[PDB]
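Colleague: experimental structure and sequence below, a few questions after.
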There are 2 protein chains.
Amino acid sequence: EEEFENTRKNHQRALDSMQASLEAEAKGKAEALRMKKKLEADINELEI
Amino acid sequence: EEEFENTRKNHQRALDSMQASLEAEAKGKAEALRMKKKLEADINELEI
């Protein structure tokens, strides 16, 4: 079991690492859907 | 081991619960950047 508490601590690292990978992707959708509504105004702005 | 066997069975579904979201946030970015180009297709076309 002393080997196993290394294995617990092995993937407990792997859990919050993938959480940070989502944190990049949560940041990834964030400005993208944000800068859409900035540019979607602009493509309506040039039309007028 | 049977104490630690179910903990693996817990954590395997936990990583599965995160991997479902990374399946979502990838395709949501694919929903974004694909729609970004058609937005970027207009801003070149309207300014031309």
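Modeller: Nice, I can see it. Numbers count the residues shown, from 1 in each chain, chains lettered A, B, ... in the order given.

Colleague: from here on, contacts and neighbour counts on C-alpha atoms
Modeller: OK.

Colleague: number of nearby residues for the nearest residue to residue A:46 once chain neighbours are set aside?
Modeller: Distances taken as C-alpha to C-alpha, 6 or more residues apart in numbering or on different chains put residue B:46 closest to residue A:46, at 6.9 Å, once the chain neighbours are dropped. Using other C-alpha atoms under 10 Å in any protein chain shown, the number of residues around residue B:46 comes to 11.

Colleague: just residue A:31 next, same as before
Modeller: Residue A:31 has 11 nearby residues by other C-alpha under 10 Å.

Colleague: which stretch of helix or strand covers it?
Modeller: Here residue A:31 is covered by helix A:4-45, with elements defined by DSSP states H and E.

Colleague: which helices and strands does that helix pack with?
Modeller: helix B:2-47 (3 or more C-alpha pairs under 8 Å, 6 or more residues apart in numbering or on different chains; DSSP states H and E).

Colleague: what angle separates the helix it packs on from helix A:4-45?
Modeller: 20 degrees (axes from the mean of the first three to the mean of the last three C-alpha atoms, to 10 degrees).

Colleague: gap between stretch A:30-48 and the chain center?
Modeller: 22 Å (C-alpha atoms, centre = their mean, to the nearest Å).

Colleague: ok, residues contacting it?
Modeller: B:29, B:32, B:33, B:36, B:39, B:42, B:43, B:46, B:47 (C-alpha atoms under 8 Å, 6 or more residues apart in numbering or on different chains).

Colleague: return a ChimeraX selection command for the buried portion of the residues you listed.
Modeller: Command for ChimeraX that selects the buried part of these, burial taken from 16 or more other C-alpha atoms under 10 Å in any protein chain shown:
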select /B:29,32,33,36,39,43
